[PDB]
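File shown: target-v2.cif (mmCIF, N, CA and C atoms).
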data_run
loop_
_atom_site.label_atom_id
_atom_site.label_comp_id
_atom_site.auth_asym_id
_atom_site.auth_seq_id
_atom_site.Cartn_x
_atom_site.Cartn_y
_atom_site.Cartn_z
N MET Z 1 121.01 4.07 111.20
CA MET Z 1 120.39 5.22 111.90
C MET Z 1 120.90 5.30 113.35
N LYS Z 2 120.59 6.41 114.04
CA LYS Z 2 121.00 6.63 115.43
C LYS Z 2 119.77 6.58 116.35
N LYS Z 3 119.76 5.63 117.29
CA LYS Z 3 118.66 5.45 118.25
C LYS Z 3 118.79 6.48 119.39
N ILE Z 4 117.85 7.42 119.46
CA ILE Z 4 117.76 8.38 120.57
C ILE Z 4 116.61 7.96 121.50
N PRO Z 5 116.76 8.09 122.85
CA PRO Z 5 115.64 7.89 123.79
C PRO Z 5 114.62 9.05 123.69
N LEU Z 6 113.31 8.72 123.79
CA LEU Z 6 112.19 9.65 123.51
C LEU Z 6 112.35 10.99 124.24
N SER Z 7 112.43 10.92 125.58
CA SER Z 7 112.50 12.10 126.45
C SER Z 7 113.73 12.97 126.15
N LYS Z 8 114.86 12.31 125.82
CA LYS Z 8 116.13 13.01 125.56
C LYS Z 8 116.08 13.76 124.21
N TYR Z 9 115.39 13.14 123.24
CA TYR Z 9 115.11 13.75 121.93
C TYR Z 9 114.25 15.02 122.10
N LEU Z 10 113.25 14.91 123.00
CA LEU Z 10 112.29 15.99 123.29
C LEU Z 10 112.96 17.17 124.04
N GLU Z 11 114.12 16.90 124.67
CA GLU Z 11 114.94 17.93 125.34
C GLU Z 11 115.77 18.73 124.32
N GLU Z 12 116.48 18.00 123.44
CA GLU Z 12 117.58 18.55 122.62
C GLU Z 12 117.20 18.81 121.15
N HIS Z 13 116.61 17.81 120.50
CA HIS Z 13 116.48 17.80 119.03
C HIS Z 13 115.18 18.46 118.54
N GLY Z 14 114.05 18.11 119.16
CA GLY Z 14 112.75 18.63 118.73
C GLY Z 14 111.71 18.58 119.83
N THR Z 15 110.53 19.17 119.58
CA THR Z 15 109.40 19.15 120.53
C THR Z 15 108.50 17.95 120.24
N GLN Z 16 107.45 17.82 121.06
CA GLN Z 16 106.47 16.73 120.99
C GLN Z 16 105.54 16.94 119.77
N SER Z 17 105.26 18.23 119.48
CA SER Z 17 104.49 18.66 118.31
C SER Z 17 105.31 18.46 117.02
N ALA Z 18 106.59 18.91 117.06
CA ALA Z 18 107.54 18.76 115.94
C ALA Z 18 107.74 17.29 115.57
N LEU Z 19 107.75 16.45 116.62
CA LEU Z 19 107.93 15.01 116.48
C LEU Z 19 106.73 14.41 115.72
N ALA Z 20 105.51 14.71 116.20
CA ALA Z 20 104.24 14.28 115.58
C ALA Z 20 104.12 14.76 114.12
N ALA Z 21 104.69 15.94 113.84
CA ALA Z 21 104.70 16.55 112.50
C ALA Z 21 105.64 15.77 111.55
N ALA Z 22 106.80 15.35 112.09
CA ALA Z 22 107.82 14.59 111.33
C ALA Z 22 107.36 13.15 111.07
N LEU Z 23 106.62 12.58 112.05
CA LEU Z 23 106.08 11.21 111.95
C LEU Z 23 104.83 11.18 111.05
N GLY Z 24 104.08 12.30 111.05
CA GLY Z 24 102.80 12.41 110.33
C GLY Z 24 101.64 11.84 111.15
N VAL Z 25 101.80 11.87 112.49
CA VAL Z 25 100.83 11.32 113.45
C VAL Z 25 100.20 12.45 114.28
N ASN Z 26 99.27 12.07 115.17
CA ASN Z 26 98.63 12.99 116.12
C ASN Z 26 99.51 13.18 117.36
N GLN Z 27 99.35 14.33 118.04
CA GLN Z 27 100.04 14.64 119.30
C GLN Z 27 99.44 13.83 120.47
N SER Z 28 98.19 13.37 120.29
CA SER Z 28 97.51 12.47 121.26
C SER Z 28 98.33 11.19 121.47
N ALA Z 29 98.87 10.68 120.35
CA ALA Z 29 99.84 9.58 120.33
C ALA Z 29 101.06 9.94 121.18
N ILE Z 30 101.78 11.02 120.81
CA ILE Z 30 103.08 11.39 121.43
C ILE Z 30 102.95 11.58 122.96
N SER Z 31 101.88 12.27 123.38
CA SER Z 31 101.61 12.57 124.80
C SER Z 31 101.19 11.30 125.57
N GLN Z 32 100.59 10.32 124.87
CA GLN Z 32 100.26 9.00 125.45
C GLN Z 32 101.56 8.21 125.71
N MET Z 33 102.49 8.30 124.76
CA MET Z 33 103.80 7.60 124.80
C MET Z 33 104.67 8.13 125.96
N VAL Z 34 104.69 9.47 126.06
CA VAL Z 34 105.39 10.21 127.12
C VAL Z 34 104.80 9.86 128.50
N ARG Z 35 103.47 9.99 128.63
CA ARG Z 35 102.77 9.78 129.92
C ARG Z 35 102.60 8.28 130.25
N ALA Z 36 102.90 7.39 129.28
CA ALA Z 36 102.99 5.93 129.54
C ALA Z 36 104.23 5.63 130.39
N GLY Z 37 105.25 6.51 130.27
CA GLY Z 37 106.53 6.35 130.94
C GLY Z 37 107.41 5.30 130.29
N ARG Z 38 107.11 5.01 129.01
CA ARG Z 38 107.91 4.10 128.20
C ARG Z 38 108.90 4.93 127.36
N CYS Z 39 110.20 4.72 127.61
CA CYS Z 39 111.27 5.30 126.80
C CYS Z 39 111.23 4.66 125.41
N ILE Z 40 110.96 5.49 124.40
CA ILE Z 40 110.83 5.06 123.00
C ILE Z 40 112.13 5.37 122.23
N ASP Z 41 112.53 4.47 121.33
CA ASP Z 41 113.67 4.70 120.44
C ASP Z 41 113.22 5.48 119.19
N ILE Z 42 113.67 6.73 119.10
CA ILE Z 42 113.47 7.59 117.94
C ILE Z 42 114.57 7.31 116.91
N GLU Z 43 114.15 6.72 115.78
CA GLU Z 43 115.04 6.34 114.68
C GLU Z 43 115.50 7.62 113.93
N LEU Z 44 116.68 8.14 114.29
CA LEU Z 44 117.23 9.38 113.71
C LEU Z 44 118.04 9.07 112.43
N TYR Z 45 117.52 9.55 111.30
CA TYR Z 45 118.18 9.45 109.98
C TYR Z 45 119.16 10.63 109.79
N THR Z 46 120.18 10.42 108.94
CA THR Z 46 121.30 11.38 108.76
C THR Z 46 120.84 12.69 108.06
N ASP Z 47 119.70 12.64 107.34
CA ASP Z 47 119.14 13.83 106.63
C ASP Z 47 118.37 14.74 107.61
N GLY Z 48 117.97 14.17 108.76
CA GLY Z 48 117.20 14.88 109.77
C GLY Z 48 115.81 14.29 110.02
N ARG Z 49 115.37 13.33 109.16
CA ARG Z 49 114.11 12.58 109.39
C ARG Z 49 114.19 11.77 110.69
N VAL Z 50 113.03 11.56 111.33
CA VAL Z 50 112.89 10.71 112.52
C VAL Z 50 111.65 9.83 112.36
N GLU Z 51 111.73 8.60 112.89
CA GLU Z 51 110.65 7.62 112.81
C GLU Z 51 110.50 6.89 114.15
N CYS Z 52 109.29 6.91 114.70
CA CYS Z 52 108.93 6.12 115.87
C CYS Z 52 108.19 4.86 115.40
N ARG Z 53 108.87 3.71 115.41
CA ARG Z 53 108.29 2.42 114.94
C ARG Z 53 107.40 1.78 116.02
N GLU Z 54 107.54 2.25 117.28
CA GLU Z 54 106.58 1.96 118.37
C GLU Z 54 105.19 2.52 118.01
N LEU Z 55 105.21 3.72 117.42
CA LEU Z 55 104.02 4.50 117.14
C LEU Z 55 103.65 4.30 115.67
N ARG Z 56 102.83 3.29 115.44
CA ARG Z 56 102.15 3.06 114.16
C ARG Z 56 100.94 4.00 114.06
N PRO Z 57 100.48 4.35 112.81
CA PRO Z 57 99.19 5.07 112.59
C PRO Z 57 97.96 4.33 113.16
N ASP Z 58 98.15 3.02 113.48
CA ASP Z 58 97.10 2.14 114.03
C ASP Z 58 96.86 2.40 115.53
N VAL Z 59 97.57 3.40 116.10
CA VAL Z 59 97.47 3.76 117.52
C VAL Z 59 96.08 4.37 117.84
N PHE Z 60 95.64 5.34 117.01
CA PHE Z 60 94.39 6.11 117.22
C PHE Z 60 93.73 6.45 115.87
N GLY Z 61 94.28 5.93 114.76
CA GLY Z 61 93.93 6.42 113.43
C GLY Z 61 94.61 7.76 113.18
N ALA Z 62 95.93 7.78 113.43
CA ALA Z 62 96.76 8.98 113.40
C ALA Z 62 97.11 9.35 111.93
#
In structure tokens, how does this file's structure come out?
Amino acid sequence: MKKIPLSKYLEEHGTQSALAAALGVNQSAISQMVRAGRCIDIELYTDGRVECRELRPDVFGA
């Protein structure tokens, strides 16, 4: 897979809502990750899927 930085992914590839939709998580998660100021590695698959392994469903019951 191709590791993209969180903020850079949110500029070019998709939005914060689109990201939460692809992960199957809440936007409360994504906005916490962004406002934490931690650059997250977005696991970009060749089909177009993305996975944030930093962001487990155990974050908020996402």
Test item: residues at most 10 Å from residue 28 (chain Z), only C-alpha atoms, excluding those fewer than 3 positions along its chain, as a PDB file with N, CA and C atoms, keeping the file's coordinate frame:
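And here's around_15.pdb as it stands now:
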ATOM      1  N   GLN Z  16     107.450  17.820 121.060  1.00  0.00           N
ATOM      2  CA  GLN Z  16     106.470  16.730 120.990  1.00  0.00           C
ATOM      3  C   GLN Z  16     105.540  16.940 119.770  1.00  0.00           C
ATOM      4  N   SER Z  17     105.260  18.230 119.480  1.00  0.00           N
ATOM      5  CA  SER Z  17     104.490  18.660 118.310  1.00  0.00           C
ATOM      6  C   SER Z  17     105.310  18.460 117.020  1.00  0.00           C
ATOM      7  N   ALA Z  20     105.510  14.710 116.200  1.00  0.00           N
ATOM      8  CA  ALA Z  20     104.240  14.280 115.580  1.00  0.00           C
ATOM      9  C   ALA Z  20     104.120  14.760 114.120  1.00  0.00           C
ATOM     10  N   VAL Z  25     101.800  11.870 112.490  1.00  0.00           N
ATOM     11  CA  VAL Z  25     100.830  11.320 113.450  1.00  0.00           C
ATOM     12  C   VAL Z  25     100.200  12.450 114.280  1.00  0.00           C
ATOM     13  N   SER Z  31     101.880  12.270 123.380  1.00  0.00           N
ATOM     14  CA  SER Z  31     101.610  12.570 124.800  1.00  0.00           C
ATOM     15  C   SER Z  31     101.190  11.300 125.570  1.00  0.00           C
ATOM     16  N   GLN Z  32     100.590  10.320 124.870  1.00  0.00           N
ATOM     17  CA  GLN Z  32     100.260   9.000 125.450  1.00  0.00           C
ATOM     18  C   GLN Z  32     101.560   8.210 125.710  1.00  0.00           C
ATOM     19  N   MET Z  33     102.490   8.300 124.760  1.00  0.00           N
ATOM     20  CA  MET Z  33     103.800   7.600 124.800  1.00  0.00           C
ATOM     21  C   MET Z  33     104.670   8.130 125.960  1.00  0.00           C
ATOM     22  N   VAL Z  59      97.570   3.400 116.100  1.00  0.00           N
ATOM     23  CA  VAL Z  59      97.470   3.760 117.520  1.00  0.00           C
ATOM     24  C   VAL Z  59      96.080   4.370 117.840  1.00  0.00           C
ATOM     25  N   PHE Z  60      95.640   5.340 117.010  1.00  0.00           N
ATOM     26  CA  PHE Z  60      94.390   6.110 117.220  1.00  0.00           C
ATOM     27  C   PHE Z  60      93.730   6.450 115.870  1.00  0.00           C
ATOM     28  N   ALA Z  62      95.930   7.780 113.430  1.00  0.00           N
ATOM     29  CA  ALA Z  62      96.760   8.980 113.400  1.00  0.00           C
ATOM     30  C   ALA Z  62      97.110   9.350 111.930  1.00  0.00           C
TER      31      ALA Z  62
END
Please, what is the axis-aligned box for every listed atom of region 32-46 of chain Z with 5 Å on each side, as centre and edge lengths in Å to one decimal, as AutoDock Vina command-line options?
--center_x 110.8 --center_y 8.4 --center_z 119.5 --size_x 31.0 --size_y 18.6 --size_z 32.9
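Proximity ranking of Z:2, Z:8, Z:53, Z:13 relative to residue 39 (chain Z) places Z:8 first, based on only C-alpha atoms.
Take atom N of residue 46 (chain Z) and CA of residue 30 (chain Z): the distance between them is 21.2 Å.
Between CA of residue 22 (chain Z) and CA of residue 49 (chain Z) the separation is 6.9 Å.
CA of residue 40 (chain Z) is positioned 7.5 Å from CA of residue 52 (chain Z).
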To test your reading of the structure, identify every residue in chain Z that backbone DSSP assigns to helix (DSSP H, G or I), and report it as a list in words. residues 6, 7, 8, 9, 10, 11, 12, 16, 17, 18, 19, 20, 21, 22, 23, 27, 28, 29, 30, 31, 32, 33, 34, 35, 36, 57, 58 and 59 of chain Z
Report as a ChimeraX atom specification all protein, DNA and RNA residues lying within 6.5 Å of residue 42 (chain Z), evaluated on only N, CA and C atoms, omitting residues in the same chain fewer than 6 positions from it. /Z:2-6,50-52
Could you write out, as a count of residues only, all the residues of chain Z that DSSP marks as strand (DSSP E)? 10
